[PDB]
């Protein structure tokens, strides 16, 4: 992954990349740890891509407004320093670098719009807007306009509008509210009406775009224009004098331009997180760092002390969240129209108000029906409310295992039911054959990770959705990864994988004091499909039939006996298997070592040909290329409709469980439609001696001061167990620990010492699970250690 010990820093080209790398050289020179800084093109676009698949930079510099996106996709790590160090920087900058009540980046530089006036003409900068018009009459009497700036953009015009009370998105204590926009209030309507009047009174023209106003002030034709630290260059090339004077207040209240924060984010995967606290909080957040970086081409009080600040001070910080982009488009035309006399400020802002919001009128109308009202069939714990939907929309973490078929269908389904916090795991890449039913993939996507593409298609088609992809095997994540989810749904295509996730979820169960703790349960919804038959089932781990309980419901496994394949072929499939598992391995047609690849056209052809010949020797007919692929790949016939029926049911149930709207399917449904269409629903009985969910941890009570030997004596003497020679392991500090083992001398020697240390010494804790196996136990059993002292 990202190389441990070194820090690959990412930053932009037009940002001094040389005075900063030198602040990285003083680093390895002082610690031995090396720094590599790069300025890749499109890195703000390249980061999300790589930060998702794990790798990328340990740190990255960019405007806070992007980090809102990364944070949500879980690409950033929460930074955590003391209040003493936070005073070195300003008290407000931290919000711009925050998400969900958590700090996600360290502020580097800041920016804001200010008013620049031609000094000579007026060495008095206006303190409010009211007077600005009064001057056009004088200047026009000379042939000039007092003011002139870009109007085609809501960024330049926003400062005035906001003056009396215009706010992008309501900021409550820790997070932004995308449902409450401040562009519809009197504070904005007032500010906009003014800008428009000056458009009618001719003090200005709505056409004054950036380039027009520019070419004019560059000649010294206006008193002022609005800009910032990025525009001071061409005014110096024209010897036109000016200043960075204050932004005229308005209706009493002060002006409020928009606020940008340059900042560094710590990748959530980069293991070098503790290496970033140093290079930053020390080798940068100083005068020695920032100046060395600044001499090339601030939030730190000490160096800052050594007009742009005032504006950023009294102005509201520029949002970071995703909905912000719909804001710009919404108000941009809500100004164009206004000043252009295309509609009234009122109706103009009325639009901007709704268009910037995330949930247009009526959007969740079909859902609200079941959550806000009541009825004779709701789940006994159901209670009408407006919060349920917010739960669905804001925090209900749902995981979808499998992208494509049921997976693609499920994402769509969950997204149009209110769910937004969704994850998708899939280990596969896209294949042309997926395109007959997996509707989130297109021909141009062939070869790409399904999860990745599935997530990007949905997040776009269904606005405000936050699908997070995972190009992996479910099998390479741990128990801590699956516990974060409230619910998990499956669209897998193998029994092994189902047996596996099923086991993972039962392992999370906690049976406190004898009774299963309901909050340790993560409900599993599983669906399967084959041709026109399919099934769905709801599993509540530890409470209802689990995958292993009904394991027998699977049809008999496709199996070809060796004597048949090698000596008595009679079906064309028989010949194809011979070639696939005998002739190929023995000839390695495409090179010694090269395995058979069912997706490789040339491999299949070879197999098809050799199969035609095997068939020939036995007068067996029916060997076709289509059948050869079938046998080799072990293909399951598939179509969109059946995947839609099953994903539908599965989804309806995730909804019911997440909201308690109704009691969920009493675990099982079968569907078939070759003859009319039929379904059957039933409660699968929970197997009494199920190897997966019928075993409860055994409770043992010892004193924390007790010695591991006593635990060994208990296991060996205790009348109800009395094992020969047990093996005891445990999970401490996230790693497996062998406490005692006696069937391998080298290990037994090395663990005996543990036998005379107290359970408080070994690190064990109340409730802790000790795993012990022995010839006595058909399978390892779990004892839950309960401290009596």
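Numbering follows the first chain given and starts at 1.
Novice: Using none, 1 to 3, 4 to 9 or 10 or more, say how many deposited residues go missing between residue 372 and residue 373.
Specialist: In the deposited sequence, nothing is left without coordinates between these two.
Novice: Unmodelled deposited residues between residue 297 and residue 298: none, 1 to 3, 4 to 9, or 10 or more?
Specialist: Per the record, 4 to 9 deposited residues are absent between residue 297 and residue 298.
Novice: Averaging C-alpha B-factors over each stretch, which comes out higher, 311 to 319 or 381 to 389?
Specialist: Higher mean C-alpha B-factor: 311 to 319.
Novice: Of 602 to 610 and 129 to 137, which one has the bigger average CA B-factor?
Specialist: According to the entry, 129 to 137 carries the higher average C-alpha B-factor.
Novice: Just the C-alpha B-factor column, please: which of 700, 240, 623, 648 has the biggest number?
Specialist: Reading the PDB entry, the winner on C-alpha B-factor is 240.
Novice: At the C-alpha atoms, which of 418, 469, 289, 376 reaches the highest B-factor in this entry?
Specialist: Most elevated C-alpha B-factor of the set, per the entry: 289.
Novice: Based on the entry's values, in what third of the chain does the Cα temperature factor of residue 202 lie: lowest, middle or highest?
Specialist: Residue 202: CA B-factor falls in the highest third of its chain.
Novice: Comparing residue 276 with the other modelled residues of its chain, is its CA B-factor in the lowest, middle or highest third?
Specialist: For residue 276, whose C-alpha B-factor we compare with every modelled residue in the chain, the answer is the highest third.
Novice: Select lowest, middle or highest to describe the third in which the CA B-factor of residue 707 falls within its chain in this entry.
Specialist: Its C-alpha B-factor, which the entry lists for residue 707, ranks in the middle third among residues of this chain.
Novice: Could you place residue 328 in the lowest, middle or highest third of its chain by Cα temperature factor, using the values in the record?
Specialist: Answer is middle: the recorded C-alpha B-factor places it there.
Novice: Using the B-factor values recorded in the entry, state whether the Cα atom of residue 442 falls in the lowest, middle or highest third among the modelled residues of its chain.
Specialist: Lowest third, going by the recorded CA B-factors of the chain.
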